[PDB]
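The structure under discussion appears below in the form of structure tokens.
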Ligand SMILES: [Ca+2]
Ligand SMILES: [Ca+2]
Ligand SMILES: [Ca+2]
Ligand SMILES: [Ca+2]
Ligand SMILES: [Ca+2]
Ligand SMILES: [Ca+2]
Ligand SMILES: [Ca+2]
Ligand SMILES: [Ca+2]
Ligand SMILES: [Cl-]
Ligand SMILES: [Cl-]
Ligand SMILES: [Cl-]
Ligand SMILES: [Zn+2]
Ligand SMILES: [Zn+2]
Ligand SMILES: [Zn+2]
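Chains as they are written, first to last, in the authors' numbering: chain A, 1 to 173; chain A', 1 to 173; chain A'', 1 to 173. A prime marks a further copy of an entry chain.
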């Protein structure tokens, strides 16, 4: 994307990662292998670090930030849905963060979790593995089905391929 | 906006359309006559096509995407509110998509419909004509009034004029 | 940010304000001393004026707009959270607009108010001072605590310092 350093920090971006030139990555941000950051997404690492694990995607118009003492750590095969916002939270592996949802400071999202579109996970809220979270404040309404569990990985894999397609075939006109 | 092709697809944009240079239009996207795409809006046509009918506007920080087998088709005189997100859905004519609302895959929004701000239309949800939709999950709470019906067109017309004003009078400083 | 005039209006920006180059400021917009506009934020002053008072911040992916007869006026020490949207509303001093929340036309937000993440303040809704607002439609659920009241200022002060850090230490790479 448009990539920036701020005072002593430069983003650490794996060569295989896709960062749309219209995305904004600033400071203390780590993007691992096969990650992807889409148009208009903002990863502002000007306070605590923002870490994005392997095979994870940060979709269009998403914002990721932190609070003092609350870094944002994202696991592997994580899908951060369009227009969602993650703030100073810990997100496990195989997690689908719903479109336009919000994850607040201190929250701990387990593995194989789906956060519904528009849901808001309150500060310090701990979400167990295999949970479906809906509402504002977000509640665990039930456990995921086998189909949804397979989807928590599939969604991310689709993006890994999409990222490569953009890396190789995008052309500004 | 910042316009891009991806592998064999180039956006088809009508000469009268306004696409803010800060918007992002990629791939298989069709923008008809008198449409407008505002700052920070993202129309990513990298899977299925995104079609935007005549006199329709896609406001600031909006994201439009699709899923395999689920293209996004927008009708005429449609207002896609600031920060809203439309994903693989069919939207009819004279529809006001509320600010920061979400329309999910397979949804079919009828004509002369108003989706409230922050509402979430679930996947495959069918919304009848003349409906007011509120909530998460979005429910049809009542039919529109005559004033609201006239507004479903007026809102779009205001934007058609606004688009022309920007086309002719915008200047970067 | 990317700054623009539209027909006779040029933004009035105080020398001390920070406007990220990835933000979009258009037309009739006033940004006072020590204000800050972050990446992907959009302040579109193409209808009525958008005024942002001293020490206030407009975070990443936020959109601010107006309606005919409804300008947007923001007071001092106001924090407009990531991905929030303010439309033709009046916001007082020491107000925290929650992440991904929505403030609609004609709304009047009092001083020392916290709007919860994802909440939607309905058109013409008046929120009294020292209120905590939650829900859709947004309701005053209780008065703020002393800690929250001190936070309504602290949040903004953190940003004033952050803005200066970016003004002096940002570097594109
Ligand atoms: Ca390695
Ligand atoms: Ca944006
Ligand atoms: Ca948003
Ligand atoms: Ca390969
Ligand atoms: Ca024609
Ligand atoms: Ca004309
Ligand atoms: Ca002064
Ligand atoms: Ca100083
Ligand atoms: Cl729970
Ligand atoms: Cl219904
Ligand atoms: Cl109330
Ligand atoms: Zn923040
Ligand atoms: Zn998508
Ligand atoms: Zn508007």
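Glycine included, C-beta positions come from ideal geometry on N, C-alpha and C.
Measuring CB to CB, does residue 32(A) end up less than 9 Å from residue 76(A)?
-> yes
If we ignore side chains and look at the alpha-carbon of each, how far apart do residue 121(A') and residue 100(A) end up?
-> 12 Å
Cβ-based burial, residue 29(A'') [other Cβ within 10 Å; buried from 16] = buried
9 Å Cβ cutoff, residue 144(A) in contact with chain A' | no
Option in 84(A), 106(A), 111(A) and 79(A) with minimal Cα separation from residue 93(A) = 111(A)
Partner residues on chain A'' for residue 2(A), Cβ-Cβ distance less than 9 Å = 21, 22, 39 and 172
Alpha-carbon to alpha-carbon, residue 26(A'') and residue 47(A) | 29 Å
Note down, in chain order, each residue of its chain lying with its Cβ closer than 7 Å to the Cβ of residue 70(A), except the 5 sequence neighbours on either side.
-> 48, 88, 105 and 106
Would residue 171(A) be called buried (16 or more neighbouring beta carbons within 10 Å of its own) or exposed?
-> exposed
Does any CB atom of chain A'' fall closer than 9 Å to the CB of residue 131(A')?
-> no
Is residue 90(A') close to chain A, meaning its C-beta is less than 9 Å from at least one C-beta of that chain?
-> no
Say the cut is 8 Å; is the CB of residue 33(A'') nearer than that to a heavy atom of ligand 7?
-> yes
Is residue 127(A) near ligand 9, going by C-beta to nearest heavy atom under 8 Å?
-> yes
Compare the C-beta of residue 136(A') against all C-beta atoms of chain A and say whether one is closer than 9 Å.
-> yes
Closest Cα partner of residue 52(A) within the set 83(A), 18(A), 68(A) and 22(A) = 18(A)
Per DSSP, the bridge partner or partners of residue 72(A'') | 50(A'')
Selection from 16(A'), 44(A') and 54(A') that minimises the alpha carbon distance to residue 2(A') = 44(A')
Does the distance from the CB of residue 83(A') to the CB of residue 62(A') come in under 9 Å?
-> yes
Name the two residues that bound the continuous alpha helix (DSSP H) containing residue 166(A').
-> 146 to 169
Determine, using beta carbons only, whether residue 62(A') comes closer than 9 Å to chain A.
-> yes
Report whether the distance from the Cβ of residue 166(A') to the nearest heavy atom of ligand 7 is below 8 Å.
-> no
Name the DSSP beta bridge partners of residue 57(A''), please?
-> 36(A'') and 79(A'')
So, does the CB of residue 12(A') fall closer than 9 Å to a CB anywhere in chain A?
-> no
Whose CA, out of 169(A''), 90(A'') and 68(A''), lies closest to the CA of residue 158(A')?
-> 68(A'')
May I have the straight-line CA-CA distance separating residue 103(A'') from residue 86(A), to the nearest angstrom?
-> 21 Å
Same chain only: Cβ atoms within 6 Å of residue 131(A''), ignoring 5 sequence neighbours per side | 113 and 140
How about residue 57(A'): is its C-beta nearer than 9 Å to some C-beta of chain A''?
-> no
Would you say residue 68(A'') reaches chain A, if we count a Cβ-Cβ gap shorter than 9 Å as a contact?
-> no
Does DSSP put residue 28(A) in a helix, a strand or coil?
-> strand
Just the Cα atoms here: how many angstroms apart are residue 108(A'') and residue 9(A')?
-> 47 Å
Contact check, residue 91(A) vs residue 116(A) under 8 Å by CB: the rounded distance?
-> Not really, about 15 Å apart at Cβ, beyond 8 Å.
What is the chain-ordered set of residues for which the beta carbon lies under 6 Å from any non-hydrogen atom of ligand 9?
-> 139(A) and 140(A)
Of all the CB atoms in chain A, is at least one closer than 9 Å to the CB of residue 28(A')?
-> no
Step through the CB atoms of chain A' and report whether any lies within less than 9 Å of the CB of residue 76(A'').
-> no
Leaving out the 5 sequence neighbours to the left and right, which residues in its chain are closer than 6 Å to residue 13(A'') when beta-carbon positions are compared?
-> 31
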